[PDB]
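Before any comments, here is the structure.
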Amino acid sequence: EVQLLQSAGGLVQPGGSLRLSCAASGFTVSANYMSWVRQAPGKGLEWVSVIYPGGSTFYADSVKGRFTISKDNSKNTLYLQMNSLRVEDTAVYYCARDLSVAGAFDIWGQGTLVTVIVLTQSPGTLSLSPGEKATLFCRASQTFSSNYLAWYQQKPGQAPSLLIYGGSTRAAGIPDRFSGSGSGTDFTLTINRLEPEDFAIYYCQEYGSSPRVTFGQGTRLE
Amino acid sequence: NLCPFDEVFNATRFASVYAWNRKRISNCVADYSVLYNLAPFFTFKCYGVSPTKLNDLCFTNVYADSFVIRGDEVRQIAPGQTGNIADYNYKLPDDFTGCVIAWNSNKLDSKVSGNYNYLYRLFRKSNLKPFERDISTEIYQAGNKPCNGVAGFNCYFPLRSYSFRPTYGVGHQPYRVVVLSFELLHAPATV
Ligand SMILES: *[C@@H]1O[C@H](CO)[C@@H](O)[C@H](O)[C@H]1NC(C)=O
């Protein structure tokens, strides 16, 4: 029943610093990997930073520096230091844990928004009455491995989670609606039946190709 | 006496990352121009000393290490920098003398079903002291619970293999890599 709690916000006009306290239960920051992903308002969500157990850390390629992730084993609380920012930095910040082989970004907190290989989803946005089989296809460019694919569920007002981690074997709480099977560069996401919580946005996912993790823009399914 | 370093370079079997082969050279002479010139291995870029001056340098003994890693990992294999494999599996002590050999033998490395004989290690409590291996099959627990030494959700098995195939994007197919180190001892240098 591992859970996560953090809080930050405000700052309608620029504030140089801001610190959010990612406090965890069931695991420690020194235990395994820690990750951060920010979701811009109505835009694609991208990777920013991961710390490696033992001290090593990498930051986002888009904006090198200006951040500082520090791992505190004393408090069990993860803090991400800011120096100062500009516009477009604002987004809801999620702190999450990853292991990248049997689970990709397994458990996420609730998050909050600060203020101041490519995957392309061919089907696009689909609206459909409940009761019909649906499919989603993810297009790539470097014909990577099937084991590196992941797929995610997102519902408004709910922090997104995962359904299948490897693209072949479904994670805990298997749905008999979604399925994972891929050939070549395109990996099929087919759906059997539609449920009220099922009508939602979905993102193709790739992990392990590099220390940085890439996401897709996402498509709306309803 | 000719050295078996050419034999080591031209070897059918390389061990995986988690356990790297090690060979030593004694009372022998090694012509380094065979490595200096064009080889079936494409890349010869390395840092130890000036490669041309190698002839006149007196050196005691030679260490030979080989393994199989990924194409991007070939970038990170260099010393003085931090990577997931390097910090956890194979670490090069900085200021070392001797240098690195890199190439892609994709034709033999790739397998139709996937050559899974090659392995890596991605779970450890802390970092790794340079020039030291931990070939441990021990179940790894990270979170609060110890798992009683059994497979569980929080703990995980640290060892897991790659995924290969005959046709793949460049830079991700396995790369065979051999490295060597040079040093001096008080003993008569047998080189
Ligand atoms: C292996 O390949 C090298 C590269 O040309 C060659 O010099 C050598 O004779 C071959 N055989 C052995 C046993 O090293």
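Note on naming: chains are A, B, ... as they come in the structure tokens, residues start from 1 per chain, ligands start from 1 in the order shown.
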
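Summary of the local environment: counting only C-alpha atoms, residues at most 12 Å from residue 65 (chain A), other than itself and those fewer than 6 positions away along its chain, are residues 48, 49, 57, 58, 59, 81, 82, 83, 84 and 85 of chain A.
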
Next on the checklist: What are the residues of chain B lining chain A at 10 Å or less? Count only C-alpha atoms, and put the answer as a ChimeraX atom specification.
Outcome noted: /B:72-73,82-84,87-88,122-128,141-145,154-156,160,162-165,167-173

Write a file of the just-selected residues containing N, CA, C and O atoms, as a short mmCIF file (atom, residue, chain, number, x, y, z; two decimals), in the first residue's frame.
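Now in selection.cif:
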data_model
loop_
_atom_site.label_atom_id
_atom_site.label_comp_id
_atom_site.auth_asym_id
_atom_site.auth_seq_id
_atom_site.Cartn_x
_atom_site.Cartn_y
_atom_site.Cartn_z
N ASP B 72 26.04 2.63 -27.31
CA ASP B 72 26.12 3.85 -26.51
C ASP B 72 26.99 3.62 -25.28
O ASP B 72 27.68 4.54 -24.82
N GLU B 73 26.96 2.41 -24.73
CA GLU B 73 27.83 2.08 -23.61
C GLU B 73 29.30 2.20 -23.98
O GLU B 73 30.14 2.51 -23.12
N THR B 82 30.56 8.83 -15.20
CA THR B 82 29.63 8.02 -14.41
C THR B 82 28.51 7.50 -15.29
O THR B 82 27.82 8.28 -15.96
N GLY B 83 28.32 6.19 -15.28
CA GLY B 83 27.22 5.57 -15.99
C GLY B 83 26.66 4.42 -15.18
O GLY B 83 27.28 3.94 -14.23
N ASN B 84 25.46 3.99 -15.56
CA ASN B 84 24.77 2.95 -14.79
C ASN B 84 25.58 1.66 -14.77
O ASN B 84 25.70 1.01 -13.72
N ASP B 87 29.38 2.59 -13.06
CA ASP B 87 29.41 2.76 -11.61
C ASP B 87 29.11 1.45 -10.90
O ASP B 87 29.55 1.24 -9.77
N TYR B 88 28.37 0.55 -11.55
CA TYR B 88 27.90 -0.66 -10.90
C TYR B 88 28.62 -1.92 -11.35
O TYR B 88 28.68 -2.88 -10.57
N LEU B 122 22.18 -4.37 -12.48
CA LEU B 122 21.67 -3.01 -12.30
C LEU B 122 21.14 -2.75 -10.90
O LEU B 122 20.56 -1.68 -10.67
N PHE B 123 21.31 -3.67 -9.95
CA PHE B 123 20.82 -3.49 -8.58
C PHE B 123 21.98 -3.67 -7.61
O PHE B 123 22.61 -4.73 -7.56
N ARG B 124 22.27 -2.62 -6.84
CA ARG B 124 23.28 -2.67 -5.80
C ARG B 124 23.00 -1.60 -4.76
O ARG B 124 22.39 -0.56 -5.04
N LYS B 125 23.44 -1.86 -3.52
CA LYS B 125 23.23 -0.91 -2.43
C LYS B 125 23.99 0.39 -2.66
O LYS B 125 23.45 1.47 -2.42
N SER B 126 25.24 0.30 -3.12
CA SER B 126 26.10 1.47 -3.25
C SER B 126 26.90 1.36 -4.54
O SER B 126 26.61 0.52 -5.41
N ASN B 127 27.91 2.20 -4.67
CA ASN B 127 28.73 2.24 -5.87
C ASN B 127 29.75 1.10 -5.82
O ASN B 127 29.69 0.21 -4.97
N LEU B 128 30.70 1.12 -6.75
CA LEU B 128 31.67 0.04 -6.89
C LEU B 128 33.08 0.62 -6.86
O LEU B 128 33.38 1.58 -7.57
N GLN B 141 17.10 -6.92 -1.77
CA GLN B 141 15.99 -6.20 -1.17
C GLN B 141 16.39 -4.75 -0.96
O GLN B 141 17.47 -4.47 -0.44
N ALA B 142 15.52 -3.84 -1.38
CA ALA B 142 15.79 -2.41 -1.31
C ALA B 142 14.90 -1.68 -0.32
O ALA B 142 15.39 -0.88 0.48
N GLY B 143 13.60 -1.94 -0.35
CA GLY B 143 12.67 -1.25 0.52
C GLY B 143 12.79 -1.61 1.98
O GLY B 143 13.84 -2.08 2.43
N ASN B 144 11.71 -1.39 2.74
CA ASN B 144 11.79 -1.57 4.19
C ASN B 144 11.86 -3.05 4.57
O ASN B 144 12.53 -3.41 5.54
N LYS B 145 11.18 -3.93 3.81
CA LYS B 145 11.08 -5.34 4.14
C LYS B 145 12.28 -6.13 3.61
O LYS B 145 12.82 -5.80 2.55
N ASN B 154 8.86 -5.91 -3.70
CA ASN B 154 9.75 -4.81 -3.38
C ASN B 154 11.19 -5.16 -3.72
O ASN B 154 11.88 -4.40 -4.40
N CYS B 155 11.66 -6.30 -3.23
CA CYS B 155 12.95 -6.83 -3.62
C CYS B 155 12.90 -7.35 -5.06
O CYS B 155 11.84 -7.63 -5.61
N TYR B 156 14.08 -7.45 -5.67
CA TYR B 156 14.19 -7.88 -7.06
C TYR B 156 15.46 -8.69 -7.27
O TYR B 156 16.39 -8.64 -6.46
N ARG B 160 20.01 -9.68 -15.02
CA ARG B 160 19.11 -9.85 -16.15
C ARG B 160 19.86 -9.54 -17.44
O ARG B 160 20.77 -8.72 -17.48
N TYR B 162 20.38 -9.11 -21.87
CA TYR B 162 20.01 -8.20 -22.94
C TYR B 162 18.99 -8.86 -23.87
O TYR B 162 18.56 -10.00 -23.66
N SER B 163 18.62 -8.13 -24.91
CA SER B 163 17.75 -8.63 -25.97
C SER B 163 18.39 -8.30 -27.31
O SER B 163 18.55 -7.12 -27.65
N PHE B 164 18.75 -9.33 -28.07
CA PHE B 164 19.44 -9.17 -29.34
C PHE B 164 18.64 -9.84 -30.45
O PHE B 164 17.70 -10.60 -30.20
N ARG B 165 19.03 -9.54 -31.69
CA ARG B 165 18.39 -10.10 -32.87
C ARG B 165 19.23 -9.74 -34.08
O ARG B 165 20.01 -8.77 -34.03
N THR B 167 18.70 -8.28 -37.00
CA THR B 167 18.49 -6.97 -37.60
C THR B 167 18.00 -6.00 -36.53
O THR B 167 17.03 -6.27 -35.83
N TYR B 168 18.69 -4.87 -36.42
CA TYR B 168 18.41 -3.92 -35.35
C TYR B 168 18.98 -2.57 -35.73
O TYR B 168 19.80 -2.45 -36.65
N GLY B 169 18.54 -1.54 -35.02
CA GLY B 169 19.09 -0.22 -35.22
C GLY B 169 20.53 -0.13 -34.77
O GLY B 169 20.98 -0.86 -33.89
N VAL B 170 21.27 0.78 -35.40
CA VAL B 170 22.69 0.94 -35.09
C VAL B 170 22.84 1.54 -33.70
O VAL B 170 21.98 2.30 -33.22
N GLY B 171 23.93 1.19 -33.03
CA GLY B 171 24.21 1.69 -31.70
C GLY B 171 23.55 0.93 -30.58
O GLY B 171 23.86 1.19 -29.41
N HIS B 172 22.66 0.00 -30.89
CA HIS B 172 21.98 -0.80 -29.88
C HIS B 172 22.34 -2.27 -29.95
O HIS B 172 22.18 -2.97 -28.95
N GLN B 173 22.82 -2.75 -31.09
CA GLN B 173 23.31 -4.11 -31.19
C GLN B 173 24.55 -4.28 -30.32
O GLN B 173 25.26 -3.31 -30.04
#

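Near ligand 1, at a distance of at most 6 Å and with only C-alpha atoms and all ligand atoms counted, sit the residues residues 6, 7, 10, 39 and 40 of chain B.
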
Item to check | strand (DSSP E or B) positions in region 8-164 of chain B, given as a ChimeraX atom specification | outcome: /B:21-25,29,43,61-70,97,100-102,119-121,140,156,159-161

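CA of residue 110 (chain A) to CA of residue 3 (chain A) spans 9.5 Å [interatomic distance, one decimal].
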
Next on the checklist: As an exercise, work out the distance from CA of residue 18 (chain A) to CA of residue 61 (chain A) in Å and give it to one decimal place.
Outcome noted: 21.1 Å

Item to check | Given only C-alpha atoms as the counted atoms, nearest of A:109, A:208, A:196, A:42 to residue 94 (chain A) | outcome: A:109

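The nearest approach to residue 221 (chain A) among the residues A:170, A:124, A:186, A:161, with only C-alpha atoms taken into account, belongs to A:124.
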
Checklist outcome for this item: If you count only C-alpha atoms, the residue of A:115, A:7, A:62, A:192 closest to residue 136 (chain A) turns out to be A:192

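Shell of region 175-189 of chain B at 7 Å, with only C-alpha atoms counted and residues fewer than 6 places along the chain excluded, is residues 58, 59, 60, 61, 62, 63, 64, 65, 66, 67, 68, 69, 70, 71, 96, 97, 98, 99, 100, 101, 102, 103, 104, 105 and 106 of chain B.
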
Same residues, N, CA and C atoms, saved as a CSV table (one decimal), in the first residue's frame:
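Listed below is the output, part-v7.csv:
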chain,number,residue,atom,x,y,z
B,58,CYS,N,59.4,1.4,-21.5
B,58,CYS,CA,59.6,0.2,-20.8
B,58,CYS,C,58.5,-0.1,-19.9
B,59,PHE,N,57.9,-1.2,-19.9
B,59,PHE,CA,56.7,-1.5,-19.1
B,59,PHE,C,56.8,-3.0,-18.6
B,60,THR,N,56.3,-3.2,-17.4
B,60,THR,CA,56.5,-4.4,-16.7
B,60,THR,C,55.6,-5.5,-17.2
B,61,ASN,N,54.3,-5.3,-17.1
B,61,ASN,CA,53.3,-6.3,-17.3
B,61,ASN,C,52.0,-5.7,-18.0
B,62,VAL,N,51.3,-6.6,-18.6
B,62,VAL,CA,50.1,-6.2,-19.4
B,62,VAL,C,48.9,-6.9,-18.9
B,63,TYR,N,47.8,-6.2,-18.7
B,63,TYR,CA,46.5,-6.7,-18.3
B,63,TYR,C,45.6,-6.7,-19.5
B,64,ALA,N,44.9,-7.8,-19.8
B,64,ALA,CA,43.9,-7.9,-20.9
B,64,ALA,C,42.6,-8.1,-20.4
B,65,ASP,N,41.6,-7.3,-20.7
B,65,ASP,CA,40.2,-7.5,-20.3
B,65,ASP,C,39.3,-7.3,-21.5
B,66,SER,N,38.3,-8.1,-21.7
B,66,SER,CA,37.4,-8.1,-22.8
B,66,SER,C,36.0,-8.3,-22.2
B,67,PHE,N,35.0,-7.8,-22.9
B,67,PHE,CA,33.6,-7.9,-22.6
B,67,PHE,C,32.7,-7.5,-23.8
B,68,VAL,N,31.4,-7.6,-23.6
B,68,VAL,CA,30.4,-7.3,-24.7
B,68,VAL,C,29.5,-6.3,-24.1
B,69,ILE,N,29.3,-5.1,-24.7
B,69,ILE,CA,28.5,-4.0,-24.2
B,69,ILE,C,27.7,-3.4,-25.4
B,70,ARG,N,26.9,-2.4,-25.1
B,70,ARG,CA,26.1,-1.8,-26.1
B,70,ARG,C,26.9,-0.6,-26.8
B,71,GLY,N,26.3,-0.2,-27.9
B,71,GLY,CA,27.0,0.9,-28.7
B,71,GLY,C,27.1,2.2,-27.9
B,96,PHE,N,45.0,5.7,-15.2
B,96,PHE,CA,45.6,4.4,-15.6
B,96,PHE,C,46.3,4.5,-17.0
B,97,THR,N,47.4,3.7,-17.1
B,97,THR,CA,48.1,3.7,-18.4
B,97,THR,C,47.8,2.4,-19.1
B,98,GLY,N,47.7,2.5,-20.4
B,98,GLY,CA,47.1,1.5,-21.3
B,98,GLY,C,45.8,2.1,-21.9
B,99,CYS,N,45.2,1.4,-22.8
B,99,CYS,CA,44.0,2.0,-23.4
B,99,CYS,C,43.0,1.1,-24.1
B,100,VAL,N,42.0,1.7,-24.7
B,100,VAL,CA,40.7,1.0,-25.0
B,100,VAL,C,40.7,0.6,-26.5
B,101,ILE,N,40.0,-0.5,-26.7
B,101,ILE,CA,39.7,-0.9,-28.1
B,101,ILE,C,38.1,-1.1,-28.2
B,102,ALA,N,37.6,-0.6,-29.3
B,102,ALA,CA,36.1,-0.6,-29.5
B,102,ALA,C,35.8,-1.0,-30.9
B,103,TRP,N,34.7,-1.8,-31.1
B,103,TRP,CA,34.2,-2.2,-32.4
B,103,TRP,C,32.8,-2.8,-32.3
B,104,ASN,N,32.2,-3.2,-33.4
B,104,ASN,CA,31.0,-3.8,-33.5
B,104,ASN,C,31.1,-5.1,-34.4
B,105,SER,N,31.1,-6.2,-33.7
B,105,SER,CA,31.1,-7.5,-34.4
B,105,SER,C,29.6,-8.0,-34.5
B,106,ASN,N,28.8,-7.2,-35.0
B,106,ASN,CA,27.3,-7.5,-35.0
B,106,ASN,C,27.0,-8.8,-35.7
